[PDB]
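**Student:** Quick one: the structure is below, questions incoming.
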Amino acid sequence: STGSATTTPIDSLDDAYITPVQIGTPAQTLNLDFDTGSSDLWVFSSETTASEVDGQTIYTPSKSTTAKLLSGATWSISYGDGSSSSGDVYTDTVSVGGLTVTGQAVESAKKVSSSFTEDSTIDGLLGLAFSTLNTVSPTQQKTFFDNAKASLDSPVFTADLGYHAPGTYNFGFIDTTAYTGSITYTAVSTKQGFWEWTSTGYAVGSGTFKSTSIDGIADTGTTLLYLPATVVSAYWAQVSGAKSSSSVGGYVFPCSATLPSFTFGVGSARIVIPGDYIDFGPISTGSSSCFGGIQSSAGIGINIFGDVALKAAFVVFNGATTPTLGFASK
(Lines give C-alpha, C1' and ligand atoms only; values in the text may rest on other atoms or scores of the structure.)
Protein backbone atom coordinates (compact mmCIF):
# COMPACT_ATOMS: atom_id res chain seq x y z
CA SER A 1 0.00 0.00 0.00
CA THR A 2 1.00 3.63 -0.35
CA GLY A 3 -0.21 7.05 0.64
CA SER A 4 0.37 10.57 -0.69
CA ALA A 5 -0.88 13.87 0.77
CA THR A 6 -0.23 17.55 0.06
CA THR A 7 1.20 19.64 2.90
CA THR A 8 0.58 23.37 2.91
CA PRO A 9 2.32 26.24 4.75
CA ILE A 10 0.11 27.71 7.45
CA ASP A 11 1.27 31.25 6.70
CA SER A 12 3.44 33.31 4.39
CA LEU A 13 6.60 32.66 6.45
CA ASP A 14 6.26 28.84 6.34
CA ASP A 15 6.18 28.78 10.15
CA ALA A 16 4.63 25.33 9.97
CA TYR A 17 2.93 22.96 7.58
CA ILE A 18 -0.46 21.24 7.84
CA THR A 19 -1.57 18.04 6.16
CA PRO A 20 -5.18 16.80 6.00
CA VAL A 21 -5.87 13.60 7.95
CA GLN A 22 -9.11 11.53 7.99
CA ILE A 23 -10.04 10.19 11.45
CA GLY A 24 -13.00 8.02 12.31
CA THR A 25 -16.10 6.70 10.59
CA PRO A 26 -17.53 8.63 8.81
CA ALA A 27 -14.32 10.55 8.25
CA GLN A 28 -13.59 13.64 10.28
CA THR A 29 -10.86 15.57 8.46
CA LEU A 30 -8.34 17.47 10.60
CA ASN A 31 -5.27 19.43 9.45
CA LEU A 32 -2.35 18.07 11.47
CA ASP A 33 1.29 19.17 11.85
CA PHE A 34 3.45 16.22 10.75
CA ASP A 35 6.38 16.25 13.19
CA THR A 36 9.40 14.01 12.70
CA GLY A 37 10.62 15.29 16.09
CA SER A 38 7.83 13.73 18.19
CA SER A 39 5.80 10.58 18.37
CA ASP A 40 2.28 11.46 19.54
CA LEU A 41 -0.76 11.79 17.27
CA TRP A 42 -2.96 14.25 19.17
CA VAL A 43 -5.95 16.32 18.08
CA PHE A 44 -8.15 19.10 19.32
CA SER A 45 -11.37 17.38 20.32
CA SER A 46 -14.84 17.55 21.87
CA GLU A 47 -13.06 16.98 25.20
CA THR A 48 -10.77 20.01 25.02
CA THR A 49 -11.34 22.83 27.50
CA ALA A 50 -13.74 25.08 25.62
CA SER A 51 -11.85 28.24 26.58
CA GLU A 52 -8.72 26.75 24.96
CA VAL A 53 -10.32 26.07 21.54
CA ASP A 54 -10.37 29.05 19.11
CA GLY A 55 -11.15 28.11 15.50
CA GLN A 56 -9.57 24.67 15.30
CA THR A 57 -11.53 21.73 13.91
CA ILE A 58 -12.06 19.17 16.62
CA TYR A 59 -12.42 15.41 16.62
CA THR A 60 -15.59 14.08 18.24
CA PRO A 61 -15.04 10.39 19.02
CA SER A 62 -18.68 10.03 19.98
CA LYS A 63 -19.58 10.62 16.31
CA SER A 64 -17.22 7.90 15.06
CA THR A 65 -18.58 4.36 14.98
CA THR A 66 -15.03 2.93 14.99
CA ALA A 67 -13.75 5.03 17.91
CA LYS A 68 -13.05 3.06 21.10
CA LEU A 69 -11.66 4.48 24.31
CA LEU A 70 -8.28 3.06 25.31
CA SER A 71 -9.27 2.45 28.94
CA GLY A 72 -6.87 3.98 31.41
CA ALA A 73 -4.61 5.61 28.82
CA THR A 74 -3.47 9.21 29.25
CA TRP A 75 -0.83 11.39 27.70
CA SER A 76 1.09 14.56 28.41
CA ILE A 77 3.74 16.15 26.24
CA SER A 78 5.97 19.23 26.38
CA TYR A 79 7.73 20.43 23.25
CA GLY A 80 11.08 22.18 22.79
CA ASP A 81 9.39 25.58 22.43
CA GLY A 82 7.66 25.28 25.82
CA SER A 83 4.19 24.43 24.52
CA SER A 84 2.37 21.39 25.91
CA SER A 85 -0.84 19.38 25.79
CA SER A 86 -2.45 16.43 27.56
CA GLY A 87 -5.52 14.23 27.63
CA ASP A 88 -6.89 10.71 27.06
CA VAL A 89 -6.77 8.23 24.20
CA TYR A 90 -8.97 6.50 21.67
CA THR A 91 -8.16 4.02 18.98
CA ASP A 92 -9.80 4.82 15.67
CA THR A 93 -9.26 4.53 11.93
CA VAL A 94 -6.81 7.10 10.53
CA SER A 95 -6.03 7.67 6.86
CA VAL A 96 -3.40 9.89 5.26
CA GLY A 97 -3.47 10.44 1.51
CA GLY A 98 -5.32 7.18 0.85
CA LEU A 99 -3.23 5.16 3.35
CA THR A 100 -5.34 3.67 6.17
CA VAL A 101 -4.36 2.32 9.60
CA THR A 102 -6.93 0.63 11.82
CA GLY A 103 -6.55 0.89 15.57
CA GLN A 104 -4.33 3.96 15.60
CA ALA A 105 -3.98 5.66 18.97
CA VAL A 106 -5.60 9.09 18.53
CA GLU A 107 -4.68 11.10 21.62
CA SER A 108 -7.58 13.39 22.53
CA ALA A 109 -6.60 16.69 24.13
CA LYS A 110 -8.29 17.82 27.34
CA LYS A 111 -5.71 20.64 27.78
CA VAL A 112 -3.54 22.64 25.34
CA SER A 113 -1.11 25.44 26.02
CA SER A 114 -1.82 28.94 24.81
CA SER A 115 0.39 28.72 21.72
CA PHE A 116 -1.75 25.87 20.34
CA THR A 117 -4.94 27.71 21.23
CA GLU A 118 -3.62 30.78 19.39
CA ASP A 119 -2.91 28.84 16.19
CA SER A 120 -6.33 28.20 14.63
CA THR A 121 -4.78 26.54 11.54
CA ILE A 122 -3.24 23.49 13.31
CA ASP A 123 -5.82 21.00 14.66
CA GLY A 124 -3.14 18.75 16.13
CA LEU A 125 0.11 16.91 15.58
CA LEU A 126 0.93 13.58 13.93
CA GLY A 127 4.31 12.49 15.20
CA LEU A 128 6.75 10.58 13.03
CA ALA A 129 9.80 10.11 15.29
CA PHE A 130 10.40 6.73 16.88
CA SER A 131 7.63 5.21 18.98
CA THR A 132 9.92 5.01 22.01
CA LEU A 133 9.16 8.73 22.53
CA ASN A 134 5.40 8.21 22.63
CA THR A 135 4.04 9.71 25.84
CA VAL A 136 1.00 7.45 26.30
CA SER A 137 0.88 5.82 29.74
CA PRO A 138 0.77 3.10 31.12
CA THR A 139 0.88 1.42 27.67
CA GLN A 140 3.10 3.27 25.19
CA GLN A 141 1.55 3.51 21.71
CA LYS A 142 2.92 3.28 18.14
CA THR A 143 3.17 6.10 15.60
CA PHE A 144 1.09 6.12 12.40
CA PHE A 145 4.18 5.16 10.37
CA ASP A 146 5.08 2.28 12.68
CA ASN A 147 1.51 0.98 12.44
CA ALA A 148 1.47 1.19 8.65
CA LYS A 149 5.06 0.09 8.00
CA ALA A 150 4.27 -3.60 7.53
CA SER A 151 1.66 -2.90 4.82
CA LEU A 152 3.69 -0.31 2.91
CA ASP A 153 5.27 -1.28 -0.39
CA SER A 154 8.55 0.01 1.11
CA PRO A 155 9.09 0.88 4.79
CA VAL A 156 9.66 4.59 4.16
CA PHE A 157 8.04 8.00 4.13
CA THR A 158 9.34 11.12 2.36
CA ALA A 159 9.12 14.82 3.06
CA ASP A 160 9.06 17.29 0.16
CA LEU A 161 8.35 20.64 1.85
CA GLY A 162 7.82 23.70 -0.30
CA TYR A 163 9.19 27.22 -0.01
CA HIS A 164 6.15 29.48 0.21
CA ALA A 165 4.28 26.74 -1.62
CA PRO A 166 2.58 23.42 -1.02
CA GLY A 167 4.54 20.18 -0.93
CA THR A 168 4.07 16.50 -0.27
CA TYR A 169 4.34 13.72 2.27
CA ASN A 170 4.52 10.30 0.61
CA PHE A 171 4.28 7.01 2.50
CA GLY A 172 5.65 3.77 1.20
CA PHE A 173 7.34 4.78 -2.05
CA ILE A 174 10.04 7.03 -3.47
CA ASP A 175 8.76 9.45 -6.12
CA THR A 176 11.76 9.58 -8.44
CA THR A 177 10.29 12.60 -10.30
CA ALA A 178 10.36 14.81 -7.18
CA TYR A 179 14.13 15.30 -6.96
CA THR A 180 17.20 15.82 -9.12
CA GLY A 181 20.45 13.91 -9.13
CA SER A 182 20.72 11.04 -6.69
CA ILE A 183 19.71 10.48 -3.07
CA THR A 184 22.63 10.43 -0.63
CA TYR A 185 21.88 8.19 2.35
CA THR A 186 23.48 8.61 5.78
CA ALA A 187 23.46 6.76 9.09
CA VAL A 188 20.80 7.38 11.74
CA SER A 189 20.98 6.86 15.49
CA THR A 190 17.68 6.05 17.21
CA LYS A 191 19.20 6.16 20.69
CA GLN A 192 17.37 9.39 21.60
CA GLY A 193 14.23 8.44 19.63
CA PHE A 194 14.87 10.99 16.86
CA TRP A 195 15.92 10.87 13.21
CA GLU A 196 19.41 11.74 14.38
CA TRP A 197 22.28 11.94 11.90
CA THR A 198 25.64 13.65 11.38
CA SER A 199 26.12 16.34 8.78
CA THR A 200 29.63 16.46 7.31
CA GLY A 201 30.05 20.26 7.33
CA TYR A 202 28.88 23.58 5.98
CA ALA A 203 29.67 26.55 3.76
CA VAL A 204 28.40 30.14 3.89
CA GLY A 205 27.47 31.84 0.67
CA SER A 206 30.06 31.10 -1.97
CA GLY A 207 32.59 30.37 0.79
CA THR A 208 34.83 27.35 1.05
CA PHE A 209 33.33 24.23 2.56
CA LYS A 210 34.22 23.44 6.16
CA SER A 211 34.42 19.79 7.00
CA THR A 212 33.27 19.21 10.55
CA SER A 213 30.81 16.73 12.00
CA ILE A 214 27.53 18.27 13.18
CA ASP A 215 25.23 15.87 15.02
CA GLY A 216 21.56 16.79 14.78
CA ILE A 217 17.99 15.71 14.13
CA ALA A 218 15.85 15.93 11.02
CA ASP A 219 12.73 17.62 12.43
CA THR A 220 9.77 18.72 10.29
CA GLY A 221 8.09 20.08 13.42
CA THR A 222 10.67 22.83 13.96
CA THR A 223 10.54 25.91 11.71
CA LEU A 224 14.15 27.06 11.80
CA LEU A 225 17.66 25.66 11.57
CA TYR A 226 19.48 25.49 14.94
CA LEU A 227 23.23 24.90 14.71
CA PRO A 228 26.24 25.42 17.02
CA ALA A 229 27.18 28.95 17.99
CA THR A 230 30.38 28.89 15.91
CA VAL A 231 28.59 27.92 12.70
CA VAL A 232 25.78 30.42 13.26
CA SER A 233 28.25 33.24 13.97
CA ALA A 234 30.21 32.48 10.82
CA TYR A 235 26.98 32.79 8.81
CA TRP A 236 25.65 36.03 10.28
CA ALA A 237 29.09 37.65 10.13
CA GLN A 238 28.45 37.81 6.39
CA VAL A 239 25.33 39.99 6.74
CA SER A 240 26.07 43.67 7.39
CA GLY A 241 24.17 44.82 10.45
CA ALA A 242 23.31 41.36 11.71
CA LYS A 243 23.57 40.86 15.44
CA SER A 244 22.32 38.56 18.16
CA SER A 245 19.69 40.26 20.34
CA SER A 246 18.79 38.87 23.75
CA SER A 247 15.70 41.07 23.79
CA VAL A 248 14.39 39.43 20.63
CA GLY A 249 15.81 35.99 21.38
CA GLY A 250 18.20 35.47 18.51
CA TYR A 251 19.94 36.78 15.46
CA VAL A 252 18.18 39.63 13.68
CA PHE A 253 19.25 41.46 10.57
CA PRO A 254 18.41 44.51 8.47
CA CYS A 255 15.31 43.74 6.44
CA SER A 256 17.03 45.59 3.55
CA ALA A 257 19.69 42.82 3.39
CA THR A 258 20.24 40.17 0.72
CA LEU A 259 21.04 37.00 2.58
CA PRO A 260 23.77 34.57 1.55
CA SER A 261 22.94 30.92 1.10
CA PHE A 262 23.92 28.14 3.52
CA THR A 263 25.17 24.72 2.48
CA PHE A 264 25.17 21.64 4.68
CA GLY A 265 26.95 18.36 4.03
CA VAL A 266 25.28 15.01 3.57
CA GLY A 267 28.20 12.65 3.30
CA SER A 268 30.03 13.67 0.16
CA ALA A 269 26.92 15.46 -1.11
CA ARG A 270 25.84 19.08 -0.57
CA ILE A 271 22.39 20.62 0.07
CA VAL A 272 22.09 24.38 -0.60
CA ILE A 273 19.63 26.53 1.33
CA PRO A 274 18.92 29.68 -0.72
CA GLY A 275 19.43 32.84 1.23
CA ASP A 276 15.78 33.83 0.76
CA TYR A 277 14.78 30.76 2.82
CA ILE A 278 16.63 32.23 5.86
CA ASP A 279 14.48 35.42 5.99
CA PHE A 280 11.64 35.14 8.49
CA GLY A 281 10.54 38.72 8.21
CA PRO A 282 10.03 41.68 10.51
CA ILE A 283 10.30 40.89 14.21
CA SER A 284 7.13 42.96 14.60
CA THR A 285 4.66 44.32 12.11
CA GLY A 286 6.27 47.31 10.45
CA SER A 287 9.73 46.83 11.93
CA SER A 288 12.85 47.12 9.79
CA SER A 289 14.61 44.40 11.85
CA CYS A 290 14.02 40.90 10.44
CA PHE A 291 14.35 37.57 12.26
CA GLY A 292 16.96 35.09 11.13
CA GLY A 293 16.15 31.53 10.11
CA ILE A 294 19.52 30.12 11.21
CA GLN A 295 19.84 30.28 14.98
CA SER A 296 22.14 28.96 17.65
CA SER A 297 21.38 25.65 19.33
CA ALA A 298 23.50 26.40 22.41
CA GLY A 299 20.36 26.69 24.59
CA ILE A 300 18.72 23.53 23.24
CA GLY A 301 21.02 20.59 23.84
CA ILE A 302 20.66 19.41 20.25
CA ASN A 303 21.17 20.73 16.74
CA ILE A 304 17.92 20.82 14.77
CA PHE A 305 17.60 20.55 11.02
CA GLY A 306 14.17 22.07 10.88
CA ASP A 307 12.07 23.12 7.92
CA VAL A 308 14.49 25.86 6.83
CA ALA A 309 16.90 23.05 6.04
CA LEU A 310 14.55 20.22 5.12
CA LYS A 311 12.55 22.29 2.64
CA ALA A 312 15.70 22.76 0.53
CA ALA A 313 15.77 18.96 -0.04
CA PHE A 314 13.81 15.83 -0.79
CA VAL A 315 14.10 13.83 2.41
CA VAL A 316 13.75 10.07 2.71
CA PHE A 317 12.89 8.85 6.21
CA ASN A 318 13.87 5.16 5.81
CA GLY A 319 12.36 2.99 8.49
CA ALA A 320 14.01 -0.24 7.49
CA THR A 321 15.44 -2.51 10.16
CA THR A 322 18.50 -0.26 10.17
CA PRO A 323 16.97 3.23 9.79
CA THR A 324 18.72 5.72 7.52
CA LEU A 325 18.11 9.22 6.18
CA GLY A 326 18.42 10.24 2.55
CA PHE A 327 18.71 13.75 1.13
CA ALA A 328 18.47 14.87 -2.48
CA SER A 329 18.41 18.29 -4.08
CA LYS A 330 15.28 19.30 -5.96
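Basis: the model, the stated rules and, where named, an outside source; no laboratory read-out is quoted. Cβ: placed from backbone, ideal geometry, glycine included. Neighbour counts: every protein chain shown.
**Student:** State all residues of the stretch 2-51 that are part of a strand (DSSP E or B) and of a type in the set (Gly, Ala, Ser); if no residue qualifies, say none. Spell out how you get there, then give the answer.
**Tutor:** First pass over the stretch 2-51, keeping only residues part of a strand (DSSP E or B): 3-9, 17-23, 28-35, 41-43, 45.
Result: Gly3, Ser4, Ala5, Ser45.
**Student:** Now a separate question. Six or more apart or on different chains, Cβ atoms under 8 Å: show the pairs whose first residue is in the stretch 195-208 and over 12 Å from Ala269 (Cα atoms) and whose second is charged (D, E, K, R).
**Tutor:** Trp195/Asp219; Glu196/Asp215; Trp197/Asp215; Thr198/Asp215; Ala203/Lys210; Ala203/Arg270
**Student:** Something else: If the Cβ limit is 6 Å and pairs must be 6+ apart or interchain, which residue in the stretch 88-107 that is on the phi < 0 side of the Ramachandran plot pairs with which residue that is among the charged types (D, E, K, R)?
**Tutor:** Filtered contacts from the stretch 88-107: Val89/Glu107; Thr91/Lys68; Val106/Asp92; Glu107/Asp40.
**Student:** Considering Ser233, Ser189, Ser206, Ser199, which residue is closer than 15 Å to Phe262 by Cβ and in contact with an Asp or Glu (Cβ under 9 Å, 6 or more places away or on another chain)?
**Tutor:** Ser199
**Student:** Considering the stretch 251-294 alone, what residues qualify as being surrounded by 13 or more Cβ atoms within 10 Å (Cβ to Cβ), at positive phi and not in a strand (DSSP E or B)?
**Tutor:** Residue satisfying the conditions is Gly267 alone.
**Student:** Name, by its number, the condition in (1) buried (at least 21 other Cβ atoms within 10 Å of the Cβ); (2) over 19 Å from the mean Cα position of the chain (by Cα); (3) more than 30 Å from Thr93 (Cβ to Cβ); (4) of a type in the set (S, T, N, Q) that does not hold for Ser199.
**Tutor:** (2)
**Student:** Sort out which residues of the stretch 295-309 are of a type in the set (A, V, I, L, M, F, W, C) and surrounded by 23 or more Cβ atoms within 10 Å (Cβ to Cβ), and write them in order of number.
**Tutor:** Within the stretch 295-309, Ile304, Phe305, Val308, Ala309 qualify.
**Student:** Related question: Please find, within the stretch 310-330, the residue that is surrounded by the most Cβ atoms within 10 Å (Cβ to Cβ) out of those that are small (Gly, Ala, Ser) and more than 17 Å from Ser12 (Cα to Cα).
**Tutor:** In this case the residue turns out to be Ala313.
Each row is one residue, and each column tells you yes or no for (1) more than 23 Å from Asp307 (Cβ to Cβ); (2) assigned to a strand (DSSP E or B); (3) outside the structural domain of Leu325 (by CATH).
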position	(1), (2), (3)
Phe116	no, no, yes
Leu126	no, yes, yes
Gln140	yes, no, yes
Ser154	yes, no, yes
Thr158	no, yes, yes
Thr186	no, yes, no
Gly193	no, no, no
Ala203	no, yes, no
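**Student:** Determine, yes or no, whether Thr36 is touching a strand residue (DSSP E or B) at 6+ places or on another chain (Cβ under 7 Å), more than 20 Å from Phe171 (Cβ to Cβ) and touching a residue at least 60 places away in the same chain (Cβ under 8 Å).
**Tutor:** no
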